[PDB]
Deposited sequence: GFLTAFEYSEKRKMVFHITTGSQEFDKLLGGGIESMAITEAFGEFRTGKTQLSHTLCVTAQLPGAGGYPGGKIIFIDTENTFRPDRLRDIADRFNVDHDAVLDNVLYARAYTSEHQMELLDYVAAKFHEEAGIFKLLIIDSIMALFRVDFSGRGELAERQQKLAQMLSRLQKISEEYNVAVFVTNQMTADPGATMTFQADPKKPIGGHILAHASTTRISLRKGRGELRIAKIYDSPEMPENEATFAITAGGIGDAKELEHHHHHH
């Protein structure tokens, strides 16, 4: 179950970043959404969690920095807010055929906790079946169904086991198959306590701004600026200033 630091280093040579579509957002992430990791984005009422989701369905398809070839995406929706129509705009911003974009994204709704966990079994199996093909796993959103199946607090032990059973699979998939995984989450402080904090390597908070300007901070300070970043929402998705 070990491998040498050399063999692991070989493995990390192959780590890619997928661009968010904001140069400013990307610097703050050291290139973009990092593979072999979970990146988590949260925010209240109406932050750009979901605009980021749609934007990555396109940008993950594109050759990017560092010799990233682009590839396929998987999309699990628990919010019933995925809309293929939104991608066709973002596609134009990036000058690629909408048809081909919409082909390279696999989509499933999740309706229960359990369902959501079953979908991950399938996605793991599918990544296994041939590799280097899929580059992103998006889950929008990560825990909402867990709040739903296990409300009140005599239930909490169980939610915790299940939720953790599931984020440990997420981590594994991520690392085992070299995909970036991006998840959204809501707030009550983000939900999911220690269990979710531990699973995600990068946590990003999201807040509003001068109209359509928006603010990403690496959650948990320091109050220093270069730990933050400004981007806008637009017809063509996540962009700059």
Requested in this report: Any chance you could give me the deposited-sequence numbering of all the stretches lacking C-alphas?
Outcome: 189-202, 256-265
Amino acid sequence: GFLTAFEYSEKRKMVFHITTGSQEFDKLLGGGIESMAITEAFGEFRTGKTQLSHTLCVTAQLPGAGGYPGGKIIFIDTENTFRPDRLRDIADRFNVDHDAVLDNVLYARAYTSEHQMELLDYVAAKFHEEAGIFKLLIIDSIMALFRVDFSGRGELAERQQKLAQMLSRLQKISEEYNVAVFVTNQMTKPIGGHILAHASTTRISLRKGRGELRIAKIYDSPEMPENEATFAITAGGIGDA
From here on, numbers count along this sequence of modelled residues.
Query raised in the report: Do the C-alpha atoms of 92-100 or of 70-78 have the higher average B factor in the entry?
Result: 92-100
Query raised in the report: What stretch has the higher average Cα B-factor here, 122-130 or 162-170?
Result: 122-130
Query raised in the report: Between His198, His54, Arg203, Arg46, where does the Cα B-factor run highest in the record?
Result: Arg46
Query raised in the report: At the C-alpha atoms, which of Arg109, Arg153, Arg83, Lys135 reaches the highest B-factor in this entry?
Result: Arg153
Requested in this report: Could you say whether, by C-alpha temperature factor, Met143 belongs to the lowest, middle or highest third of its chain?
Outcome: middle
Requested in this report: Taking the chain's C-alpha temperature factors as the reference, tell me which third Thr230 falls into: lowest, middle or highest.
Outcome: highest
Query raised in the report: Hey, what third does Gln23 fall into on Cα B-factor, ranked over its chain?
Result: highest
Requested in this report: Relative to the other modelled residues of the same chain, rank the CA B-factor of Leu87 and answer lowest, middle or highest third.
Outcome: middle
Requested in this report: Could you tell me which third, lowest, middle or highest, the C-alpha B-factor of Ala180 occupies within its chain?
Outcome: lowest
